[PDB]
Amino acid sequence: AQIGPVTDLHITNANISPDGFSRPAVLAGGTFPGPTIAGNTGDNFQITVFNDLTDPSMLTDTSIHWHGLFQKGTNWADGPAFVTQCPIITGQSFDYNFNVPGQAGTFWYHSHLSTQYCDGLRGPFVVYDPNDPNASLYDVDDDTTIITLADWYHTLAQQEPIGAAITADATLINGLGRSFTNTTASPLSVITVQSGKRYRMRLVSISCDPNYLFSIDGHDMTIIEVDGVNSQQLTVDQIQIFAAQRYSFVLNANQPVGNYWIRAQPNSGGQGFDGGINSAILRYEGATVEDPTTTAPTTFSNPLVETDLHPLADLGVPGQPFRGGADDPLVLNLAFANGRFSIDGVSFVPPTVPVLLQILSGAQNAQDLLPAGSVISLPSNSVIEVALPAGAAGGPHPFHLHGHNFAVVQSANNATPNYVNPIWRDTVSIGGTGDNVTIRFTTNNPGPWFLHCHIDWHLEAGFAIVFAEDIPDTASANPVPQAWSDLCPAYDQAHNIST
Ligand SMILES: *[C@@H]1O[C@H](CO)[C@@H](O[C@@H]2O[C@H](CO)[C@@H](O)[C@H](O)[C@H]2NC(C)=O)[C@H](O)[C@H]1NC(C)=O
Ligand SMILES: *[C@@H]1O[C@H](CO)[C@@H](O[C@@H]2O[C@H](CO)[C@@H](O)[C@H](O)[C@H]2NC(C)=O)[C@H](O)[C@H]1NC(C)=O
Ligand SMILES: [Cu+2]
Ligand SMILES: [Cu+2]
Ligand SMILES: [Cu+2]
Ligand SMILES: [Cu+2]
Ligand code: NA
């Protein structure tokens, strides 16, 4: 069952064996992935998070981010540790109480402390639309049509060297899959469909690192949503999905009753499908209970290309139709050396006092804010352009902005910008050497918003900056509850930190 919009959520340690290998984990709701949190557009969510963690090897503190929800007026509930809150300590709880006006689509939630989400704290978050403009395109849309793609590691995250090329041991589809080495025939996930029906498949990357080449043998996929943003219908036979992205696609159950492989090939780790790695099963009602015998093509003739996507609504692009045609045009210098990433010459290391608390305490320009050189102020009610030229090692890097979605004016692997009708989204691959992926948005949401690569190992190695949007209005826009004001004193006391 789905939970929410008002619910408790307990965070616990437990052993799990999703690929046949047992290891301890950090779990929401006792499962991997965690339960789906759901509601309708405009609802009040009150997710009271109970930190019941006791195993220090995966950190006993926690903090949860609601990925892609704008948090307008509730910046304190966004979740990134040391940006909008101090962590919740073990044996305590915290009510994330926020609203979702003007958003409907497919989201997710995850730990936003260190690399803790890799250790298991990740799950879907769906905001349904009772008047969805795409409703007539399918018959079924429920918890059974969510498809999660996850990387899974046998080594615990706090034992992964910082700045290393860290590689997974299994791909998990809906929580199950097989290990790349020492492969055992452990159970595969089954997605069941009825011949003739149409399904809104909500494809969610909960990855800590790899991108996946996702396809379904014999089937094609009609994209209708991108990171929460309704799209024009785009039919493809493969989707390359980067960490933290989401798509909804219509699956027409229009092939002969039978079993079909669902494939998710990561860019690192095990290549191919030997032994049923990187796989799940699409089963039609009435089919024999047996593995598929289907083949992938050698090449995919209609892969997703990001410039083919266009919004369903007339969203346009803010600003003027040329590079630098914005009120505040930025170009970030994104670099890697010696195990650490940097943005504009500064490697991110979380501050002792959360950025939001520094601003509420009176620090009111970005040079007064810590970490020094890691906070850029943005002016209010202004068009912002951010160019993100690629080349730093470890690519392709999926950059994500909190508090906002954005127009993708220039996409990976294509030098031509689009100032007319590009897709809007919240996490974007910045591509390869020589690319100049560029995003635009308008500043109508005061608060400190993290900008970072969503490969969690890269964030941990410093690939982040904070946009302090409309510092002067942050305090009046974001009144804080007493329980939020209590977090930093409790955390600092528990960890013997002075501030
Ligand atoms: C990516 O595009 C940005 C503009 O959005 C380019 O920025 C210009 O860079 C040159 C130096 O390289 C400066 O003289 C300009 O002031 C910048 N802003 C402009 C022209 O509007 C950036 O060079 C591009 N990067 C790549 C790798 O193509
Ligand atoms: C490279 O990106 C550009 C810009 O998004 C794409 O150009 C558009 O192509 C569409 C589809 O044919 C035309 O309707 C638009 O007028 C083009 N816009 C511009 C500004 O040129 C282009 O198709 C992409 N290249 C590839 C190979 O997909
Ligand atoms: Cu996220
Ligand atoms: Cu986010
Ligand atoms: Cu990265
Ligand atoms: Cu983040
Ligand atoms: Na415009």
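Just so you know, ligand 1 is whichever comes first in the structure, and atom 1 is the first atom listed for that ligand. Hydrogens, waters and symmetry mates are skipped; everything else that's a heavy atom, side chains included, is used. Residue numbers run from 1 in the order of the sequence given.
Listed by chain and residue number, the protein contacts of ligand 2 are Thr307, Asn414, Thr416, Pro417, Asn418 (heavy atom within 4.0 angstrom).
Listed by chain and residue number, the protein N/O/S atoms under 2.8 Å of the Cu ion (ligand 6) are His112 NE2, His402 NE2, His452 NE2, with waters left out. Of all protein N/O/S atoms, those under 3.0 Å from the Na ion (ligand 7) are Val317 O, and waters are not counted.
With no hydrogens or angles considered, a side-chain donor-acceptor pair links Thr222 and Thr235 at under 3.5 Å. For the residue pair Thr155/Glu160, the side-chain donor-acceptor check at 3.5 Å is not satisfied. With hydrogens and angles left out, the side-chain atoms of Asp209 and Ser207 include no donor and acceptor closer than 3.5 Å. Under 3.5 Å, the side chains of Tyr153 and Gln159 contain no donor-acceptor pair of N or O atoms. One side chain, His67 or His454, offers a donor N or O that lies under 3.5 Å from an acceptor on the other. A donor-acceptor contact under 3.5 angstrom links the side chains of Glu225 and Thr106, judged on distance only. Neither side chain, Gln238 nor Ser215, offers a donor N or O lying under 3.5 Å from an acceptor on the other.
We find that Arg122 and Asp151 are joined by a salt bridge, their nearest charged nitrogen and carboxylate oxygen being less than 4.0 Å apart. In this structure, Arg323 does not pair ionically with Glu385, as no charged nitrogen and carboxylate oxygen lie closer than 4.0 Å.
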field: Check against side chain to side chain donor-acceptor pair (under 3.5 Å), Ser411 and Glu306
entry: CA-CA 7 Å; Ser411 293; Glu306 186 172 71; 2.7 Å; yes

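Judged by distance alone, with hydrogens and angles left aside, the side-chain atoms of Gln265 form no donor-acceptor pair with the main-chain N or O of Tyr212 at under 3.5 Å.
Between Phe450 and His402, the ring planes lie perpendicular to each other; the angle is over 60°, past the 30° to 60° tilted range.
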Per-pair distances, 0.1 Å, donor-acceptor, side chain in residues 296-303, under 3.5 Å, sequence neighbours excluded:
none

